[PDB]
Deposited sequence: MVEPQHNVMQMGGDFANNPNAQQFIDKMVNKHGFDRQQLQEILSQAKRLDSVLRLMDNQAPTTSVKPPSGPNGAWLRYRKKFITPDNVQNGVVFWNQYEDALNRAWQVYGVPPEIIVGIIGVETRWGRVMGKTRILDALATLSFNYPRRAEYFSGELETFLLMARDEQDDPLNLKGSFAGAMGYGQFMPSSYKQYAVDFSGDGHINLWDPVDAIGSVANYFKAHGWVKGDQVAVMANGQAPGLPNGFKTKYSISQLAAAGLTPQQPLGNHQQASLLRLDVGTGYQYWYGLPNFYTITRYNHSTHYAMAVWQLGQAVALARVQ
């Protein structure tokens, strides 16, 4: 009947003689009450993926922005964005009301991440996380934290850890949430008592909560395009200048900046030249999902494009 298998102390598979996998097992048992044998059975099936390791290692004017932008803002994506928006309008409206994050931002994030559920990843989360936790010294501590949370998440939401698929870094569902984001920011937005990253309604509320938690200011401007050029100043979403320094550099805002007294200097390569922008706090909040000016600008403009296509 009951088979404790106390004498089955060595697991097979890609992580068979891996000291890190052994230490991780002891941690799950000691800290979370996992059964060593049940966990060895799970991890003996986990795969060490070279592709996951290669990809994690891999990470003018010539029109850079234009090329990045066209990967996301196309008739097909805008049209699919409209369908997703109309289909989940209640959830989007409810997220706006509860979290102060507008539909265009959420629709934009889900569009850029997975094309609204069409591309959510094909790699088993367990394989990706185990590979990065046990065979990647550089980010081993970060990924072991993610694997720990993933196994707890699977245990709680009652999932077989081996059945969940996602990105090469272990990101999941519509919004490509990492296990740590699920833990800290995911919410039951459908109201069924569970948090399913693959349920569009839960994903919508979870992205909204993530944004509010990262400082999204309701109704505030994201960024304002500037007239003029500022070649003497370093640019990027991490920069910060007073509106006075930017004016002194030859820039003027196309729209009033209200009470904002500082901003980041963003520069987009539009082929014929450079297009400068005053990055406001909400722009930086978007970069909290993916540390990239292009990413954040594409997320925002995709949402705007969809918002416009709905009007027609």
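* **Deposited residues absent from the coordinates (by C-alpha)** => According to the deposited record, C-alpha coordinates are absent only for 60 to 69, which is the whole missing part.
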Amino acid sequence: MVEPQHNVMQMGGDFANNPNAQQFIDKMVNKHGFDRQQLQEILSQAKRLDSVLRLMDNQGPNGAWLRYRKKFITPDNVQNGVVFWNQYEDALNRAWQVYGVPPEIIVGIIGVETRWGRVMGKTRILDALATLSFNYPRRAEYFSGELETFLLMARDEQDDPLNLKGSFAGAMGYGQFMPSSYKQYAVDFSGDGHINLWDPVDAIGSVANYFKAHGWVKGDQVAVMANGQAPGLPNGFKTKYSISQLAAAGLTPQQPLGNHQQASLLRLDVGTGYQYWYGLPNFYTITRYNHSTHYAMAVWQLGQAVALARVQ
From here on, numbers count along this sequence of modelled residues.
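* Comparing 22 to 30 with 49 to 57, the one whose average Cα B-factor in the PDB entry is higher -> The stretch with the larger mean CA B-factor is 49 to 57.
* Asked: Higher mean Cα B-factor in the deposited model: 101 to 109 or 220 to 228?
  -> Looking at the record's C-alpha B-factors, the answer is 220 to 228.
* Asked: Of the options 263, 66, 43, 286, which has the highest CA B factor as deposited?
  -> That would be 66.
* Using the entry's values, work out which of 158, 114, 181, 196 has the largest Cα B factor. => That would be 158.
* Asked: In terms of the chain's CA B-factor thirds, is residue 270 lowest, middle or highest?
  -> CA B-factor rank for residue 270: highest third.
* Asked: Within this chain, which third does the Cα B-factor at residue 247 fall in: lowest, middle or highest?
  -> Answer is highest: the recorded C-alpha B-factor places it there.
* To do: Please rank the C-alpha B-factors of the chain's modelled residues and tell me whether residue 163 sits in the lowest, middle or highest third.
  => It belongs to the highest third of the chain when residues are ordered by C-alpha B-factor.
* Select lowest, middle or highest to describe the third in which the CA B-factor of residue 257 falls within its chain in this entry. => Highest third - that is where residue 257 ends up once the chain's C-alpha B-factors are sorted.
* Asked: How does residue 62 rank on Cα B-factor within its chain, lowest, middle or highest third?
  -> Within its chain, residue 62 is a highest-third residue by C-alpha B-factor, going by the deposited values.
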